[PDB]
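K.L.:
Attaching a single structure in structure tokens format; questions to follow.
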There are 2 protein chains.
Amino acid sequence: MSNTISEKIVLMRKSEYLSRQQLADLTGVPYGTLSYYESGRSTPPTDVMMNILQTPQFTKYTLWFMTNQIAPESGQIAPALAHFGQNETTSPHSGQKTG
Amino acid sequence: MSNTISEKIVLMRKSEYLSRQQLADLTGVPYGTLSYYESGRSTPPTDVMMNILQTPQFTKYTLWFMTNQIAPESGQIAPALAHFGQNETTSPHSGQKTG
């Protein structure tokens, strides 16, 4: 199944066990709009998008989804929530909340 | 000096010996708009930006600039025009037991 861009920023986001605010401060992005960013409400810019992956915490998830190619050789792999790559099990998880 | 997001798609692009029209047809992106994309006229979306790097020709140039980190261990490096390649990922330590 194909996952929208926003989804490519949610699965990994939850993999770090952080919140929109946590990352919002790591990059300096506005939380008020971030809610719609990771939600896919509107395709965000490139200057900001990269500012989210450029982070050292989300460094392992740069092109792992951008091109569907995991590069573990350097430390790039797919998280648990991600329904694409893995390194232990499926881990489908159960979605909740509404936003 | 610092390179612009658009320049990140120009230096490498010209490295493949191809014009905007070439890639525009390889990714399906319209040349009429691409002209402004690589030009930096307006920050492009995330669905298209990735559609340009996802290509097999521009697979090595995924995060090589997105985070200023070349991952040759997997097959990612900087082109000739790029002339870039640097980063800083410090990771100090701490801890004590006084009281």
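Residues in the structure tokens are named by chain (A, B, ... in the order shown) and by number from 1 within that chain; ligands are numbered from 1 in the order shown.
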Near chain B, meaning an atom within 9 Å, which residues of chain A appear when counting only C-alpha atoms? Write them as a list in words.

P.N.:
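On the chain A side, the interface is residues 4, 5, 43, 44, 45, 46, 47, 49, 50, 51, 53, 54, 55, 56, 59, 62, 63, 66, 67, 68, 71, 72, 73 and 74 of chain A.
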
K.L.:
For residue 98 (chain A), work out the shell of residues within 12 Å, counting only C-alpha atoms and skipping chain neighbours fewer than 2 positions away, then give it as a PDB file with N, CA, C and O atoms, in the first residue's frame.

P.N.:
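So the final result, stored in selection-v1.pdb, reads:
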```
ATOM      1  N   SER A  35       0.787  20.560  12.862  1.00  0.00           N
ATOM      2  CA  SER A  35      -0.319  19.619  12.995  1.00  0.00           C
ATOM      3  C   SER A  35      -0.864  19.223  11.626  1.00  0.00           C
ATOM      4  O   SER A  35      -1.262  18.078  11.411  1.00  0.00           O
ATOM      5  N   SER A  39       0.148  15.804   9.000  1.00  0.00           N
ATOM      6  CA  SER A  39      -1.189  15.295   8.712  1.00  0.00           C
ATOM      7  C   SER A  39      -1.413  15.178   7.208  1.00  0.00           C
ATOM      8  O   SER A  39      -2.294  14.450   6.754  1.00  0.00           O
ATOM      9  N   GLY A  95      -3.951   2.179  15.308  1.00  0.00           N
ATOM     10  CA  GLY A  95      -4.158   3.615  15.264  1.00  0.00           C
ATOM     11  C   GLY A  95      -5.246   4.074  16.213  1.00  0.00           C
ATOM     12  O   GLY A  95      -6.140   3.303  16.562  1.00  0.00           O
ATOM     13  N   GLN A  96      -5.172   5.333  16.632  1.00  0.00           N
ATOM     14  CA  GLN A  96      -6.158   5.892  17.549  1.00  0.00           C
ATOM     15  C   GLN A  96      -6.202   7.413  17.440  1.00  0.00           C
ATOM     16  O   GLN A  96      -5.438   8.014  16.684  1.00  0.00           O
TER      17      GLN A  96
END
```

K.L.:
Taking the chain letters and numbering used in this document, name the residues of chain A that DSSP puts in alpha helix (DSSP H), as a VMD selection string.

P.N.:
chain A and resid 7 to 15 20 to 27 31 to 37 46 to 53

K.L.:
With chain B fixed, least-squares superpose chain A over all its C-alpha atoms paired in order and give the RMSD in Å.

P.N.:
13.9 Å

K.L.:
How far is it from CA of residue 20 (chain A) to CA of residue 38 (chain A), in Å with one decimal?

P.N.:
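That distance, rounded to one decimal, is 8.6 Å.
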
K.L.:
Of the candidates B:57, B:40, B:3, B:10, which shows the shortest atom-to-atom distance to residue 26 (chain B), using only C-alpha atoms?

P.N.:
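Nearest candidate to residue 26 (chain B) out of B:57, B:40, B:3, B:10: B:57.
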
K.L.:
What does the distance between CA of residue 7 (chain A) and CA of residue 82 (chain A) come to in Å, to one decimal place?

P.N.:
8.8 Å

K.L.:
When you count only C-alpha atoms, which of these residues is closest to residue 80 (chain B): B:31, B:16, B:36, B:9?

P.N.:
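With only C-alpha atoms as the atom set, the closest residue is B:16.
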
K.L.:
Please, what distance in Å, to one decimal, runs between CA of residue 29 (chain A) and CA of residue 93 (chain B)?

P.N.:
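CA of residue 93 (chain B) lies 27.9 Å from CA of residue 29 (chain A).
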